[PDB]
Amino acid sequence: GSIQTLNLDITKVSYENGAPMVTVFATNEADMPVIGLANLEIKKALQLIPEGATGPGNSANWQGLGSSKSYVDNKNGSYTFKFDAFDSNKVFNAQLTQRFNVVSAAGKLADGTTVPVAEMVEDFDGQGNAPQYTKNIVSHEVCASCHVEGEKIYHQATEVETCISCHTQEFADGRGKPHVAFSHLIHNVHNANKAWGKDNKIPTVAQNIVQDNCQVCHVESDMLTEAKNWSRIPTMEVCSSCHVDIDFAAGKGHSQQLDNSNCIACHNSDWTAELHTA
């Protein structure tokens, strides 16, 4: 036997003991329960710092609250996670949107059934109900135009939301490498103005296919309410991924900007959208 698609749905989030308890339901392509998953995990628990809160003009960004591999198989298709060490930095804030990134590793069930990789994110408010605000800009579908589905893109994972959940601005800044925040990295790896990674790769191949065409990734969707952030939210952290010759701090290539407080006053969405579009 072999499962074609593994679907993961979060069916309940409850905060008791403070820490969240999260129930996941696993189904196959025929919507039948999948029991016995041995490699299910909450790869990341996050919360969403809203636009502005880290400073003026700044992007919303994801703050880390931990992860969990500790769960009970409820033997009907559902699995319930607990956290042994939730929010170790003690920043949990029930006012913020909360996200869980759930993944199941490819493998096999007790009876030898093969099961593929699965990944998802879902967002909630601070008590497990619907989220009041989101940062939904891009979804995986666009990457599947040019990257084989179900296979890792570069490393770690197969879907863009998983990448975004680990490659946070906090993660990048904590390691001393702002360029590894996903909103920087993704433009960098497809744009030839600057090399990337351990082999100092110049992305000529990506450049010639993507051609800085924002609309191959940034598309309108009812499911993605922040899709217009690509033109609405100019920051030095992101815009510099391709505009690599500006030094905002020293005023080289541009007037000095010591933060993102005023970018949008000049770089209005209409202008940014129009000038970057063929």
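The first residue of the shown sequence is 1; numbering continues from there.
Once the C-alpha B-factors are averaged per stretch, 134 to 142 and 106 to 114 rank with 106 to 114 first. As listed in the deposited structure, the average C-alpha B-factor of 183 to 191 and of 71 to 79 is greater for 71 to 79. When the Cα B-factors of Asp123, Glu151, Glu119, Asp84 are read from the PDB record, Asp84 comes out highest. Annotation for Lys90: CA B-factor lies in the highest third of the chain's modelled residues. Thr54 sits in the highest third of its chain by CA B factor, as recorded in the PDB entry.
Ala19: CA B factor in the highest third of modelled residues in this chain (values from the PDB entry).
Among the modelled residues of its chain, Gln98 has a C-alpha B-factor that falls in the lowest third according to the deposited record. Ranked against the other modelled residues of its chain, the C-alpha B-factor of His155 as given in the entry falls in the middle third.
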